[PDB]
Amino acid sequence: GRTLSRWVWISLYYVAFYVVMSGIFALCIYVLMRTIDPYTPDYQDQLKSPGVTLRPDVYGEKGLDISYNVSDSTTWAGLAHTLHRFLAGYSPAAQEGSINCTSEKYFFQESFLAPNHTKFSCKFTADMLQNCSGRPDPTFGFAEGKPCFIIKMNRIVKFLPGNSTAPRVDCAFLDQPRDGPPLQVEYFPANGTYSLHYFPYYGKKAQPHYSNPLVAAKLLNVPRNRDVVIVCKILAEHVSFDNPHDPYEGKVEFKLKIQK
């Protein structure tokens, strides 16, 4: 096409042009990454309500479906192992960088008091569940036919879910009212509450050694050999638990079939 001497001079122009534009980009991102505050999000326009997760997080298609056979240890060995390797950070040996929280209300830190200008973070260890901690039962109730399902919310910077009382999880079926009683669960801690001194979250940089509060739902009433669907709603004022475009907005639903 072009002459072999202008081929390079034409080439330098494109290179000289690209480097100019790419340089302006680098000048814009660096200003951009200096425009923001390291400890707080700027807008967070889609986190109007928090999301809820679940363990063991096992899906088929269409979301979480969990079916296991109590007599066969291989159908639930990997369920507890995910629970065990999940809680490896919920042990005192790994949760040292956090403090003995007993305030029982919002933990409003106005100043940063910790090594390297860090902040104080609460503690939540596995023993908070008393039957779903892995001791005495490392099967987390699966072998008994009463499996524990730990429930925990997403962390949002400076979000407050209410002054009135502790937000409590409330698990139950999608009503199958007449044939069979409603689901009976024992939650740990009792009443299925999250302590209010775990709020608000201030950021992974503000609290490098923070961890979420948890509650477990030891399912006791579920019949065996039946496909059942359980929904675990969070009940508080500043939480919406039903958004059609996000089925994990303040709620978790999952399929469970315990077979013997």
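The first residue of the shown sequence is 1; numbering continues from there. Throughout, rigid core stands for the largest set of C-alpha atoms superposing within 1.5 Å between the two forms.
Engineer: Would you mind working out which of 173-181 and 154-162 sits farther from this form in 5 other deposited structures of this protein by RMS C-alpha distance, with the rigid core as the fit?
Structural biologist: Comparing 173-181 with 154-162, the one that moves more in 5 other deposited structures of this protein is 173-181.
Engineer: I'd like to know which segment deviates more from the shown structure in 5 other deposited structures of this protein: 109-117 or 144-152, using C-alpha RMS over all structures and residues after a core fit.
Structural biologist: Per-stretch check in 5 other deposited structures of this protein: the more divergent one is 109-117.
Engineer: Averaging C-alpha B-factors over each stretch, which comes out higher, 225-233 or 30-38?
Structural biologist: In the deposited entry, the stretch with the higher C-alpha B-factor mean is 30-38.
Engineer: Looking at the entry, does 146-154 or 115-123 show the higher mean C-alpha B-factor?
Structural biologist: According to the entry, 115-123 carries the higher average C-alpha B-factor.
Engineer: Highest Cα B-factor in the deposition, which of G162, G78, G141, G134?
Structural biologist: Out of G162, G78, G141, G134, the record gives the largest C-alpha B-factor to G162.
Engineer: For the listed residues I10, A16, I24, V252, which one has the largest C-alpha B-factor as given in the deposited model?
Structural biologist: By C-alpha B-factor in the record, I10 ranks first.
Engineer: With respect to C-alpha B-factor, does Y202 fall in the lowest, middle or highest third of the chain as deposited?
Structural biologist: According to the entry, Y202 has a C-alpha B-factor in the chain's highest third.
Engineer: What third of the chain does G60 rank in for C-alpha temperature factor, lowest, middle or highest?
Structural biologist: Highest third of the chain for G60's C-alpha B-factor.
Engineer: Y43's Cα B-factor: lowest, middle or highest third of the chain?
Structural biologist: For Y43, whose C-alpha B-factor we compare with every modelled residue in the chain, the answer is the middle third.
Engineer: Using only modelled residues of the chain, where does the Cα B factor of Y106 rank: lowest third, middle third or highest third?
Structural biologist: Highest third - that is where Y106 ends up once the chain's C-alpha B-factors are sorted.
Engineer: Based on the deposited C-alpha B factors for this chain, I'd like to know if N100 is in the lowest, middle or highest third.
Structural biologist: According to the entry, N100 has a C-alpha B-factor in the chain's highest third.
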